[PDB]
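Colleague: sequence unknown, structure follows:
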């Protein structure tokens, strides 16, 4: 299970989603969004082994292509499979409008 | 265009698919497959900027979350979006059978 539930417990390095709170202005400096200040963007870091929930067939082949060659950084790339929206509030000229960005959050990583 | 056409030309580091020929036995040591010896598995390496064909919304946000914080390796993860099959030939007990693995190749990366 490579989601924000099994990665938000012990320590992990392979394809494990890690906390990635992003303060709209602190990290992205986004100026088109006023609120919220940030959110739990979460994300994924580190590659994955072979039986680590392989999505595509090239995910199991390369998974070994690296795990077999010591010194190769061509491993796979854990990524945010399922995402989540984001209730914000920005300004258009002079009228404030609250929306819900789509896929602006993570809820489970993977290995594409 | 982050495919094996624009990456197989000049040099790139961000989300650019690079050559990844894999010799079934040399790299994966796969013993369940006899032929071919290997194939053009290709793959992707390096993260991506913001306007680098973002797939999910978290691809444009994090793209800046890293491009903004100098010293953060939480960037995105370029991956093989479109893949390709693979005509092989293995053995089942004593009967040889040729098949076509699915998604056992890359034909274009992206940024999940």
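Modeller: Great, that's in hand. Residues are numbered from 1 along each chain as shown, chains lettered A, B, ... in the order given.
Colleague: The closest residue to residue A:83 other than its chain neighbours sits in which helix or strand?
Modeller: Of all residues not flanking residue A:83 in the chain, residue A:103 sits nearest, at 3.8 Å (CB to CB, 6 or more residues apart in numbering or on different chains). In short, each C-beta sits where N, CA and C put it, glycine included. Element membership for residue A:103, per DSSP states H and E: strand A:100-109.
Colleague: For that strand, which helices and strands make contact with it?
Modeller: Under the contact criterion of 3 or more CB pairs under 8 Å, 6 or more residues apart in numbering or on different chains; DSSP states H and E, strand A:100-109 touches strand A:16-18, strand A:39-40, strand A:43-45, strand A:80-87, helix B:57-68.
Colleague: Show me the residue at the heart of chain A, geometrically.
Modeller: Centroid check for chain A by CA atoms, centre = their mean gives residue A:43 as the closest residue, at 2.5 Å.
Colleague: how much space is there between it and residue A:101?
Modeller: 16 Å (CB to CB, to the nearest Å).
Colleague: same thing with residue A:7?
Modeller: Residue A:7 is 23 Å from residue A:101, by CB to CB.
Colleague: Out of the two, name the residue with the larger neighbour count.
Modeller: Using other CB atoms under 10 Å in any protein chain shown, the more surrounded residue of residue A:7 and residue A:101 is residue A:7, with 23 against 19.
Colleague: residues contacting the more buried one?
Modeller: For residue A:7, the contacting residues are A:16-18, A:109, by CB atoms under 8 Å, 6 or more residues apart in numbering or on different chains.
Colleague: The same query, at a cut-off of 6 Å, please.
Modeller: A:16-17 (CB atoms under 6 Å, 6 or more residues apart in numbering or on different chains).
Colleague: Ok, residue A:64 next?
Modeller: A:50, B:28.
Colleague: Go again with 10 Å.
Modeller: A:49-50, A:75, B:22, B:27-30 (CB atoms under 10 Å, 6 or more residues apart in numbering or on different chains).
Colleague: any chance of these in CSV, with distance to residue B:61 too?
Modeller: Shown next, in CSV, are the contacts of residue A:64 (distance: CB to CB, whole Å):
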residue, distance to residue B:61
A:49, 28
A:50, 31
A:75, 24
B:22, 33
B:27, 35
B:28, 35
B:29, 40
B:30, 39
